[PDB]
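Raw contents of my_file-v3.cif, mmCIF, C-alpha atoms and all ligand atoms; chains and numbers go by the auth columns:
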data_model
loop_
_atom_site.group_PDB
_atom_site.id
_atom_site.type_symbol
_atom_site.label_atom_id
_atom_site.label_comp_id
_atom_site.label_asym_id
_atom_site.label_seq_id
_atom_site.Cartn_x
_atom_site.Cartn_y
_atom_site.Cartn_z
_atom_site.B_iso_or_equiv
_atom_site.auth_seq_id
_atom_site.auth_asym_id
ATOM 1 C CA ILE A 1 80.294 102.583 111.843 0.00 1 A
ATOM 2 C CA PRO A 2 76.911 103.261 113.441 0.00 2 A
ATOM 3 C CA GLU A 3 73.673 103.962 111.654 0.00 3 A
ATOM 4 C CA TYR A 4 73.521 107.464 113.126 0.00 4 A
ATOM 5 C CA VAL A 5 76.228 110.000 113.849 0.00 5 A
ATOM 6 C CA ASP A 6 75.560 113.510 115.091 0.00 6 A
ATOM 7 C CA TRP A 7 78.602 115.322 116.403 0.00 7 A
ATOM 8 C CA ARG A 8 76.368 117.990 117.938 0.00 8 A
ATOM 9 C CA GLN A 9 75.158 115.397 120.415 0.00 9 A
ATOM 10 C CA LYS A 10 78.793 114.564 121.295 0.00 10 A
ATOM 11 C CA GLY A 11 79.515 118.233 122.033 0.00 11 A
ATOM 12 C CA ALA A 12 81.814 118.634 119.007 0.00 12 A
ATOM 13 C CA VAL A 13 79.948 121.388 117.147 0.00 13 A
ATOM 14 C CA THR A 14 79.930 125.072 118.068 0.00 14 A
ATOM 15 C CA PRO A 15 76.919 127.307 117.348 0.00 15 A
ATOM 16 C CA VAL A 16 75.994 127.838 113.706 0.00 16 A
ATOM 17 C CA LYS A 17 77.798 130.803 112.176 0.00 17 A
ATOM 18 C CA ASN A 18 76.899 133.243 109.409 0.00 18 A
ATOM 19 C CA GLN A 19 79.564 134.085 106.883 0.00 19 A
ATOM 20 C CA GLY A 20 77.617 137.047 105.635 0.00 20 A
ATOM 21 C CA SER A 21 78.357 138.448 102.217 0.00 21 A
ATOM 22 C CA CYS A 22 82.025 137.371 102.295 0.00 22 A
ATOM 23 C CA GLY A 23 82.865 134.325 100.205 0.00 23 A
ATOM 24 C CA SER A 24 84.522 132.697 103.216 0.00 24 A
ATOM 25 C CA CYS A 25 82.654 129.361 103.302 0.00 25 A
ATOM 26 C CA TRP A 26 85.959 127.503 102.877 0.00 26 A
ATOM 27 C CA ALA A 27 87.291 128.918 106.134 0.00 27 A
ATOM 28 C CA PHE A 28 84.054 128.281 108.028 0.00 28 A
ATOM 29 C CA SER A 29 84.037 124.674 106.794 0.00 29 A
ATOM 30 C CA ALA A 30 87.678 124.195 107.811 0.00 30 A
ATOM 31 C CA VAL A 31 87.032 125.766 111.208 0.00 31 A
ATOM 32 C CA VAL A 32 84.047 123.499 111.875 0.00 32 A
ATOM 33 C CA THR A 33 86.325 120.524 111.332 0.00 33 A
ATOM 34 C CA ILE A 34 89.033 122.034 113.555 0.00 34 A
ATOM 35 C CA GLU A 35 86.593 122.752 116.393 0.00 35 A
ATOM 36 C CA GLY A 36 85.374 119.187 116.030 0.00 36 A
ATOM 37 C CA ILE A 37 88.733 117.438 116.044 0.00 37 A
ATOM 38 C CA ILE A 38 89.965 119.533 118.979 0.00 38 A
ATOM 39 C CA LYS A 39 86.884 118.536 120.974 0.00 39 A
ATOM 40 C CA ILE A 40 87.260 114.875 119.960 0.00 40 A
ATOM 41 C CA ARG A 41 90.950 114.771 120.931 0.00 41 A
ATOM 42 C CA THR A 42 90.996 117.017 124.011 0.00 42 A
ATOM 43 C CA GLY A 43 87.476 117.051 125.443 0.00 43 A
ATOM 44 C CA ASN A 44 87.085 120.840 125.118 0.00 44 A
ATOM 45 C CA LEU A 45 84.821 122.581 122.617 0.00 45 A
ATOM 46 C CA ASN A 46 86.257 125.911 121.481 0.00 46 A
ATOM 47 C CA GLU A 47 85.554 128.327 118.683 0.00 47 A
ATOM 48 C CA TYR A 48 88.434 129.055 116.353 0.00 48 A
ATOM 49 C CA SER A 49 89.066 131.903 113.991 0.00 49 A
ATOM 50 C CA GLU A 50 87.566 131.804 110.514 0.00 50 A
ATOM 51 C CA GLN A 51 88.932 135.331 110.140 0.00 51 A
ATOM 52 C CA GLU A 52 92.477 134.073 110.700 0.00 52 A
ATOM 53 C CA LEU A 53 92.174 131.651 107.795 0.00 53 A
ATOM 54 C CA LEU A 54 90.561 134.368 105.704 0.00 54 A
ATOM 55 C CA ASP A 55 93.480 136.713 106.385 0.00 55 A
ATOM 56 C CA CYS A 56 96.364 134.279 106.503 0.00 56 A
ATOM 57 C CA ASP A 57 95.654 131.444 104.077 0.00 57 A
ATOM 58 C CA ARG A 58 97.782 132.664 101.179 0.00 58 A
ATOM 59 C CA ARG A 59 96.563 129.967 98.774 0.00 59 A
ATOM 60 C CA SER A 60 92.935 131.062 99.217 0.00 60 A
ATOM 61 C CA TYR A 61 91.505 134.318 97.865 0.00 61 A
ATOM 62 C CA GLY A 62 90.010 135.931 100.958 0.00 62 A
ATOM 63 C CA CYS A 63 86.372 136.837 100.476 0.00 63 A
ATOM 64 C CA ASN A 64 86.628 135.793 96.837 0.00 64 A
ATOM 65 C CA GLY A 65 86.714 132.122 97.827 0.00 65 A
ATOM 66 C CA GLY A 66 89.282 129.582 98.812 0.00 66 A
ATOM 67 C CA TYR A 67 90.190 126.011 99.571 0.00 67 A
ATOM 68 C CA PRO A 68 89.234 124.136 102.758 0.00 68 A
ATOM 69 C CA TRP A 69 92.249 121.911 102.169 0.00 69 A
ATOM 70 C CA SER A 70 94.498 124.980 102.150 0.00 70 A
ATOM 71 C CA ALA A 71 93.032 126.420 105.360 0.00 71 A
ATOM 72 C CA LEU A 72 93.453 123.057 107.082 0.00 72 A
ATOM 73 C CA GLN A 73 97.047 122.888 105.873 0.00 73 A
ATOM 74 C CA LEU A 74 97.511 126.365 107.371 0.00 74 A
ATOM 75 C CA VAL A 75 96.177 125.158 110.732 0.00 75 A
ATOM 76 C CA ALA A 76 98.409 122.083 110.652 0.00 76 A
ATOM 77 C CA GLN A 77 101.585 123.966 109.739 0.00 77 A
ATOM 78 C CA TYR A 78 101.059 127.024 111.996 0.00 78 A
ATOM 79 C CA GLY A 79 97.918 126.859 114.131 0.00 79 A
ATOM 80 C CA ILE A 80 94.747 128.791 114.769 0.00 80 A
ATOM 81 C CA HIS A 81 93.530 131.306 117.326 0.00 81 A
ATOM 82 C CA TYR A 82 90.344 131.234 119.342 0.00 82 A
ATOM 83 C CA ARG A 83 87.460 133.006 117.676 0.00 83 A
ATOM 84 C CA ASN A 84 87.476 135.480 120.590 0.00 84 A
ATOM 85 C CA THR A 85 91.117 136.377 119.921 0.00 85 A
ATOM 86 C CA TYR A 86 90.590 136.761 116.159 0.00 86 A
ATOM 87 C CA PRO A 87 86.890 137.437 115.582 0.00 87 A
ATOM 88 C CA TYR A 88 85.039 137.330 112.296 0.00 88 A
ATOM 89 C CA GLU A 89 84.730 140.628 110.390 0.00 89 A
ATOM 90 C CA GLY A 90 83.271 139.478 107.083 0.00 90 A
ATOM 91 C CA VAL A 91 86.121 141.064 105.139 0.00 91 A
ATOM 92 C CA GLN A 92 89.658 139.970 104.390 0.00 92 A
ATOM 93 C CA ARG A 93 92.315 141.889 106.284 0.00 93 A
ATOM 94 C CA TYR A 94 96.051 141.693 106.866 0.00 94 A
ATOM 95 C CA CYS A 95 97.290 138.475 108.397 0.00 95 A
ATOM 96 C CA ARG A 96 97.349 139.214 112.128 0.00 96 A
ATOM 97 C CA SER A 97 98.297 135.736 113.361 0.00 97 A
ATOM 98 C CA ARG A 98 101.697 137.079 114.419 0.00 98 A
ATOM 99 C CA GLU A 99 100.169 139.884 116.525 0.00 99 A
ATOM 100 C CA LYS A 100 97.580 137.807 118.385 0.00 100 A
ATOM 101 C CA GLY A 101 99.932 135.875 120.622 0.00 101 A
ATOM 102 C CA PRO A 102 100.551 132.124 120.571 0.00 102 A
ATOM 103 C CA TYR A 103 98.206 129.895 118.605 0.00 103 A
ATOM 104 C CA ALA A 104 95.348 128.334 120.549 0.00 104 A
ATOM 105 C CA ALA A 105 95.330 124.994 118.730 0.00 105 A
ATOM 106 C CA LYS A 106 97.378 123.075 116.203 0.00 106 A
ATOM 107 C CA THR A 107 96.673 120.045 114.073 0.00 107 A
ATOM 108 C CA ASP A 108 99.081 117.559 112.544 0.00 108 A
ATOM 109 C CA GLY A 109 97.899 117.362 108.956 0.00 109 A
ATOM 110 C CA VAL A 110 95.067 117.127 106.449 0.00 110 A
ATOM 111 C CA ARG A 111 93.639 113.956 104.984 0.00 111 A
ATOM 112 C CA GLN A 112 91.342 113.859 101.986 0.00 112 A
ATOM 113 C CA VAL A 113 88.379 111.508 101.834 0.00 113 A
ATOM 114 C CA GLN A 114 88.440 109.353 98.723 0.00 114 A
ATOM 115 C CA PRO A 115 86.193 111.481 96.489 0.00 115 A
ATOM 116 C CA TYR A 116 83.015 110.237 94.879 0.00 116 A
ATOM 117 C CA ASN A 117 82.709 107.513 97.505 0.00 117 A
ATOM 118 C CA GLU A 118 79.798 107.773 99.937 0.00 118 A
ATOM 119 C CA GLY A 119 81.058 105.190 102.412 0.00 119 A
ATOM 120 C CA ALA A 120 84.475 106.817 102.580 0.00 120 A
ATOM 121 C CA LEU A 121 82.825 110.079 103.550 0.00 121 A
ATOM 122 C CA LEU A 122 80.542 108.298 106.023 0.00 122 A
ATOM 123 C CA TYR A 123 83.556 106.513 107.528 0.00 123 A
ATOM 124 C CA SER A 124 85.311 109.848 108.056 0.00 124 A
ATOM 125 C CA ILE A 125 82.208 111.548 109.485 0.00 125 A
ATOM 126 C CA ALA A 126 81.947 108.692 111.979 0.00 126 A
ATOM 127 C CA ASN A 127 85.398 109.770 113.191 0.00 127 A
ATOM 128 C CA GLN A 128 85.023 113.571 113.039 0.00 128 A
ATOM 129 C CA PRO A 129 83.315 116.486 111.263 0.00 129 A
ATOM 130 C CA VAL A 130 84.571 116.671 107.677 0.00 130 A
ATOM 131 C CA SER A 131 84.910 119.607 105.336 0.00 131 A
ATOM 132 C CA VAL A 132 82.781 118.912 102.275 0.00 132 A
ATOM 133 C CA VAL A 133 81.716 120.894 99.241 0.00 133 A
ATOM 134 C CA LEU A 134 78.434 121.144 97.383 0.00 134 A
ATOM 135 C CA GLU A 135 76.436 123.106 94.840 0.00 135 A
ATOM 136 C CA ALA A 136 74.610 125.774 96.805 0.00 136 A
ATOM 137 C CA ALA A 137 73.725 128.056 93.876 0.00 137 A
ATOM 138 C CA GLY A 138 70.427 126.351 93.101 0.00 138 A
ATOM 139 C CA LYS A 139 67.397 128.161 94.473 0.00 139 A
ATOM 140 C CA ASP A 140 66.281 124.876 96.039 0.00 140 A
ATOM 141 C CA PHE A 141 69.353 124.797 98.251 0.00 141 A
ATOM 142 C CA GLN A 142 69.219 128.543 98.891 0.00 142 A
ATOM 143 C CA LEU A 143 65.560 128.339 99.948 0.00 143 A
ATOM 144 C CA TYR A 144 65.866 125.072 101.855 0.00 144 A
ATOM 145 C CA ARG A 145 63.775 125.054 105.037 0.00 145 A
ATOM 146 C CA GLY A 146 63.899 121.468 106.265 0.00 146 A
ATOM 147 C CA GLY A 147 63.572 117.787 105.652 0.00 147 A
ATOM 148 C CA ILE A 148 65.993 115.491 103.907 0.00 148 A
ATOM 149 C CA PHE A 149 67.120 117.567 100.940 0.00 149 A
ATOM 150 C CA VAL A 150 67.162 115.718 97.624 0.00 150 A
ATOM 151 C CA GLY A 151 67.656 118.689 95.325 0.00 151 A
ATOM 152 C CA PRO A 152 67.159 119.607 92.559 0.00 152 A
ATOM 153 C CA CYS A 153 70.860 120.413 92.291 0.00 153 A
ATOM 154 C CA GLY A 154 73.778 119.684 90.026 0.00 154 A
ATOM 155 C CA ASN A 155 77.316 118.709 90.945 0.00 155 A
ATOM 156 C CA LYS A 156 78.793 122.154 90.167 0.00 156 A
ATOM 157 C CA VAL A 157 80.238 122.573 93.630 0.00 157 A
ATOM 158 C CA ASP A 158 80.821 126.127 94.767 0.00 158 A
ATOM 159 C CA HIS A 159 80.242 126.097 98.531 0.00 159 A
ATOM 160 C CA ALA A 160 82.175 124.592 101.423 0.00 160 A
ATOM 161 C CA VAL A 161 80.253 123.326 104.461 0.00 161 A
ATOM 162 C CA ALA A 162 80.871 120.729 107.131 0.00 162 A
ATOM 163 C CA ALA A 163 79.475 117.242 107.556 0.00 163 A
ATOM 164 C CA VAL A 164 78.845 116.692 111.259 0.00 164 A
ATOM 165 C CA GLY A 165 76.707 113.583 111.099 0.00 165 A
ATOM 166 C CA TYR A 166 74.587 111.241 109.044 0.00 166 A
ATOM 167 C CA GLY A 167 71.654 108.888 109.196 0.00 167 A
ATOM 168 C CA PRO A 168 70.299 105.979 107.172 0.00 168 A
ATOM 169 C CA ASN A 169 69.256 108.256 104.314 0.00 169 A
ATOM 170 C CA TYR A 170 71.073 111.578 104.812 0.00 170 A
ATOM 171 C CA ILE A 171 74.313 113.315 105.684 0.00 171 A
ATOM 172 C CA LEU A 172 74.032 116.093 108.258 0.00 172 A
ATOM 173 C CA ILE A 173 75.590 119.390 107.187 0.00 173 A
ATOM 174 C CA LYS A 174 76.485 122.466 109.228 0.00 174 A
ATOM 175 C CA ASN A 175 76.141 125.429 106.895 0.00 175 A
ATOM 176 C CA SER A 176 77.519 128.909 107.523 0.00 176 A
ATOM 177 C CA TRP A 177 74.412 130.880 106.592 0.00 177 A
ATOM 178 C CA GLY A 178 73.217 131.665 110.108 0.00 178 A
ATOM 179 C CA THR A 179 70.771 129.897 112.358 0.00 179 A
ATOM 180 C CA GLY A 180 67.734 130.990 110.277 0.00 180 A
ATOM 181 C CA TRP A 181 68.553 128.949 107.172 0.00 181 A
ATOM 182 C CA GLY A 182 67.454 125.354 106.900 0.00 182 A
ATOM 183 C CA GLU A 183 67.081 123.328 110.108 0.00 183 A
ATOM 184 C CA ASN A 184 68.433 125.882 112.594 0.00 184 A
ATOM 185 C CA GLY A 185 71.364 126.324 110.241 0.00 185 A
ATOM 186 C CA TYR A 186 71.763 122.683 109.230 0.00 186 A
ATOM 187 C CA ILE A 187 70.700 120.719 106.200 0.00 187 A
ATOM 188 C CA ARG A 188 70.193 116.998 105.949 0.00 188 A
ATOM 189 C CA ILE A 189 71.138 116.014 102.410 0.00 189 A
ATOM 190 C CA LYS A 190 69.872 112.730 100.996 0.00 190 A
ATOM 191 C CA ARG A 191 72.469 110.001 100.604 0.00 191 A
ATOM 192 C CA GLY A 192 72.269 106.506 99.191 0.00 192 A
ATOM 193 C CA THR A 193 70.958 107.643 95.783 0.00 193 A
ATOM 194 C CA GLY A 194 73.694 105.809 93.882 0.00 194 A
ATOM 195 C CA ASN A 195 74.940 108.972 92.215 0.00 195 A
ATOM 196 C CA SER A 196 78.705 108.847 92.672 0.00 196 A
ATOM 197 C CA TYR A 197 78.886 112.638 92.836 0.00 197 A
ATOM 198 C CA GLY A 198 76.489 112.726 95.780 0.00 198 A
ATOM 199 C CA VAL A 199 73.441 114.959 95.939 0.00 199 A
ATOM 200 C CA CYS A 200 74.652 118.465 95.029 0.00 200 A
ATOM 201 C CA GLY A 201 78.111 117.065 94.406 0.00 201 A
ATOM 202 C CA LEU A 202 78.478 116.369 98.124 0.00 202 A
ATOM 203 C CA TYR A 203 81.215 113.766 97.531 0.00 203 A
ATOM 204 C CA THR A 204 83.357 115.954 95.295 0.00 204 A
ATOM 205 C CA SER A 205 86.057 117.147 97.670 0.00 205 A
ATOM 206 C CA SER A 206 86.200 116.299 101.355 0.00 206 A
ATOM 207 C CA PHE A 207 88.992 117.001 103.798 0.00 207 A
ATOM 208 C CA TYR A 208 89.482 116.586 107.487 0.00 208 A
ATOM 209 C CA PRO A 209 92.261 117.612 109.863 0.00 209 A
ATOM 210 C CA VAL A 210 94.534 115.088 111.505 0.00 210 A
ATOM 211 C CA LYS A 211 95.533 115.587 115.133 0.00 211 A
ATOM 212 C CA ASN A 212 97.513 112.922 116.992 0.00 212 A
HETATM 213 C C1 LIG B . 81.987 129.713 99.029 0.00 1 B
HETATM 214 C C2 LIG B . 81.205 130.710 99.896 0.00 1 B
HETATM 215 O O1 LIG B . 81.831 131.458 100.648 0.00 1 B
HETATM 216 O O2 LIG B . 79.938 130.686 99.778 0.00 1 B
HETATM 217 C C3 LIG B . 83.137 130.370 98.258 0.00 1 B
HETATM 218 O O3 LIG B . 82.642 131.121 97.171 0.00 1 B
HETATM 219 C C4 LIG B . 84.254 129.370 97.887 0.00 1 B
HETATM 220 O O4 LIG B . 85.322 129.377 98.483 0.00 1 B
HETATM 221 N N1 LIG B . 84.025 128.492 96.900 0.00 1 B
HETATM 222 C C5 LIG B . 85.054 127.544 96.514 0.00 1 B
HETATM 223 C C6 LIG B . 84.454 126.316 95.863 0.00 1 B
HETATM 224 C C7 LIG B . 84.200 125.161 96.825 0.00 1 B
HETATM 225 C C8 LIG B . 85.177 125.193 98.000 0.00 1 B
HETATM 226 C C9 LIG B . 84.316 123.860 96.035 0.00 1 B
HETATM 227 C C10 LIG B . 85.963 128.215 95.488 0.00 1 B
HETATM 228 O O5 LIG B . 85.473 128.850 94.564 0.00 1 B
HETATM 229 N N2 LIG B . 87.281 128.037 95.680 0.00 1 B
HETATM 230 C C11 LIG B . 88.312 128.576 94.822 0.00 1 B
HETATM 231 C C12 LIG B . 88.462 130.092 94.932 0.00 1 B
HETATM 232 C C13 LIG B . 88.242 130.815 93.610 0.00 1 B
HETATM 233 C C14 LIG B . 88.644 132.288 93.666 0.00 1 B
HETATM 234 N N3 LIG B . 89.689 132.641 92.720 0.00 1 B
HETATM 235 C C15 LIG B . 90.049 133.899 92.434 0.00 1 B
HETATM 236 N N4 LIG B . 91.035 134.103 91.552 0.00 1 B
HETATM 237 N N5 LIG B . 89.474 134.961 92.988 0.00 1 B
#
How does this structure look as structure tokens?
Ligand SMILES: *[C@@H](C(=O)O)[C@H](O)C(=O)N[C@@H](CC(C)C)C(=O)NCCCCNC(N)=[NH2+]
Amino acid sequence: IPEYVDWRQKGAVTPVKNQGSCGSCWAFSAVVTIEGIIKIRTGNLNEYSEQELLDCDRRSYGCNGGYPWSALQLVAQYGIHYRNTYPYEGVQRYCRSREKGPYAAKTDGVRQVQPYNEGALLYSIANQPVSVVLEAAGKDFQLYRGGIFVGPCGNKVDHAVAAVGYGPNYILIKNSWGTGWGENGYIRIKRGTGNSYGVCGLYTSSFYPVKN
């Protein structure tokens, strides 16, 4: 795998989103990976519905949090609508999948990256954007403005984001806190520190969709 990956430069990343007050990071993370794999496999970059996962992923808890794995399993078993068809409202509502016409995209499954393994995550990111989790509660992460973020942070992961690239010393993360946070909505998180958890627990739980 190459020394640098940046899926934005390959046209596989849609504009940075803002989840707002809703605890929907898990759906935004999943959607970033779906947008990415659909671009990688089909050549078209589309926006897909975080709101649909929020409403319809029965294993998740709406705006009270959820599981990227479970949203990706929802997209593989059923599908997902375009963001235009099923726009983001920042609140959980009734599942309206059935009323929004045929799905726009469908995946074939969900792999997990071997956790606590930097190279395994890097290998996956080289193939596609990956849903990853981290500790975002620390004021250092909340107030991050730029540079390669080293913490301070623990490994008490509580926030789902998407890895869309990496470099020699960092992993490139698309956050869902709007374009004004971090580096136009992104954070580069230091890697290669030898901490198996990853900085901020970044290697705790990583999933990506499979699409044949
Ligand atoms: C993240 C966010 O929107 O900022 C959000 O709080 C979230 O989904 N967090 C996850 C943790 C990471 C994905 C590791 C989470 O807490 N998932 C489990 C949901 C817990 C909610 N349970 C109940 N009973 N309300």
Residue nearest ligand LIG 1 (chain B) - candidates A:7, A:170, A:203, A:78, atoms counted: only C-alpha atoms and all ligand atoms: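 The closest residue to ligand LIG 1 (chain B) is A:203.
For ligand LIG 1 (chain B), the neighbouring polymer residues at 6 Å or closer are residues 23, 24, 25, 26, 61, 64, 65, 66, 67, 133, 157, 158, 159 and 160 of chain A, only C-alpha atoms and all ligand atoms being used.
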As a PyMOL selection string, please: the residues near residue 8 of chain A (cut-off 10 Å, all atoms listed in the file, same-chain neighbours under 3 positions excluded). chain A and resi 5+11-15+36+129+164-165+174
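Considering only C-alpha atoms, the residue among A:120, A:148, A:1, A:54 positioned nearest to residue 19 of chain A is A:54.
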For residue 127 of chain A, the nearest of the candidates A:113, A:180, A:107, A:46, counting all atoms listed in the file: A:113
Take the PyMOL selection byres (((chain A and resi 191) around 6) and not hetatm), run it mentally on this structure, and tell me the resulting residues as a VMD selection string. chain A and resid 169 to 170 190 192 to 193
Decode the PyMOL selection byres (((chain A and resi 177) around 12) and not hetatm) for the given file into explicit residues and return them as a ChimeraX atom specification. /A:15-25,28-29,136,141-144,159-161,173-176,178-187
Where does the PyMOL selection byres (((chain A and resi 51) around 12) and not hetatm) land in this file, that is, which residues does it pick, as a PyMOL selection string? chain A and resi 19+22-28+30-31+47-50+52-57+62-63+71+80-97
Mind checking which residues fall within 7 Å of residue 76 of chain A, counting all atoms listed in the file, ignoring those fewer than 2 positions away in the same chain, and posting them as a list in words?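 Residues meeting the cut-off are residues 72, 73, 74, 78, 79, 106, 107, 108 and 109 of chain A.
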As AutoDock Vina command-line options: centre and edge lengths in Å, one decimal, of the axis-aligned box holding segment 182-196 of chain A with 8 Å per side:
--center_x 72.9 --center_y 116.1 --center_z 102.4 --size_x 27.6 --size_y 36.5 --size_z 36.4
In Å to one decimal, how far is atom CA of residue 151 of chain A from atom CA of residue 128 of chain A?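 For atom CA of residue 128 of chain A relative to atom CA of residue 151 of chain A, the distance reads 25.3 Å.
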So the first atom is atom CA of residue 197 of chain A and the second is atom CA of residue 116 of chain A; what is the distance between them in Å, to one decimal place?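 Those two atoms sit 5.2 Å apart.
Between atom CA of residue 208 of chain A and atom CA of residue 130 of chain A the interatomic distance comes to 4.9 Å.
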Give the answer as one residue: which of A:60, A:163, A:205, A:154 has the shortest atom-to-atom distance to residue 137 of chain A, using only C-alpha atoms?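 Result for the nearest residue to residue 137 of chain A: A:154.
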Under the rule that all atoms listed in the file are counted, which of A:44, A:33, A:171, A:99 is the nearest residue to residue 75 of chain A?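 Among A:44, A:33, A:171, A:99, it is A:33 that comes nearest to residue 75 of chain A.
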Kindly add N, CA and C atoms to the incomplete segment 133-152 of chain A and provide the output as a tab-separated table (two decimals), keeping the file's coordinate frame.
chain	number	residue	atom	x	y	z
A	133	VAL	N	82.16	119.84	100.14
A	133	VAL	CA	81.72	120.89	99.24
A	133	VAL	C	80.44	120.44	98.56
A	134	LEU	N	79.69	121.42	98.06
A	134	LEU	CA	78.43	121.14	97.38
A	134	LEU	C	78.06	122.32	96.49
A	135	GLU	N	77.05	122.08	95.66
A	135	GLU	CA	76.44	123.11	94.84
A	135	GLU	C	75.36	123.79	95.67
A	136	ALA	N	75.59	125.04	96.04
A	136	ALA	CA	74.61	125.77	96.80
A	136	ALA	C	73.91	126.84	95.97
A	137	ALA	N	74.25	126.96	94.69
A	137	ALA	CA	73.72	128.06	93.88
A	137	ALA	C	72.26	127.85	93.52
A	138	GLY	N	71.80	126.61	93.49
A	138	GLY	CA	70.43	126.35	93.10
A	138	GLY	C	69.45	126.91	94.11
A	139	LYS	N	68.38	127.54	93.60
A	139	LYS	CA	67.40	128.16	94.47
A	139	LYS	C	66.84	127.17	95.48
A	140	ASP	N	66.80	125.88	95.11
A	140	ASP	CA	66.28	124.88	96.04
A	140	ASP	C	67.15	124.78	97.28
A	141	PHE	N	68.47	124.79	97.09
A	141	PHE	CA	69.35	124.80	98.25
A	141	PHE	C	69.27	126.12	98.99
A	142	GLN	N	69.25	127.23	98.25
A	142	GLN	CA	69.22	128.54	98.89
A	142	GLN	C	67.97	128.69	99.75
A	143	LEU	N	66.84	128.16	99.28
A	143	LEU	CA	65.56	128.34	99.95
A	143	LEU	C	65.23	127.19	100.87
A	144	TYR	N	66.15	126.25	101.05
A	144	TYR	CA	65.87	125.07	101.86
A	144	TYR	C	65.40	125.45	103.25
A	145	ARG	N	64.31	124.85	103.70
A	145	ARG	CA	63.78	125.05	105.04
A	145	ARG	C	63.84	123.83	105.94
A	146	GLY	N	63.85	122.63	105.40
A	146	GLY	CA	63.90	121.47	106.26
A	146	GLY	C	63.54	120.20	105.53
A	147	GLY	N	63.77	119.10	106.21
A	147	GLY	CA	63.57	117.79	105.65
A	147	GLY	C	64.88	117.28	105.09
A	148	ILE	N	64.82	116.07	104.55
A	148	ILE	CA	65.99	115.49	103.91
A	148	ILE	C	66.03	116.02	102.48
A	149	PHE	N	67.03	116.85	102.20
A	149	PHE	CA	67.12	117.57	100.94
A	149	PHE	C	67.60	116.63	99.84
A	150	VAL	N	66.83	116.57	98.76
A	150	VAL	CA	67.16	115.72	97.62
A	150	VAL	C	67.52	116.51	96.39
A	151	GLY	N	67.55	117.84	96.48
A	151	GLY	CA	67.66	118.69	95.32
A	151	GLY	C	66.33	119.31	94.93
A	152	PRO	N	66.21	119.72	93.67
A	152	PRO	CA	67.16	119.61	92.56
A	152	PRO	C	68.48	120.31	92.80
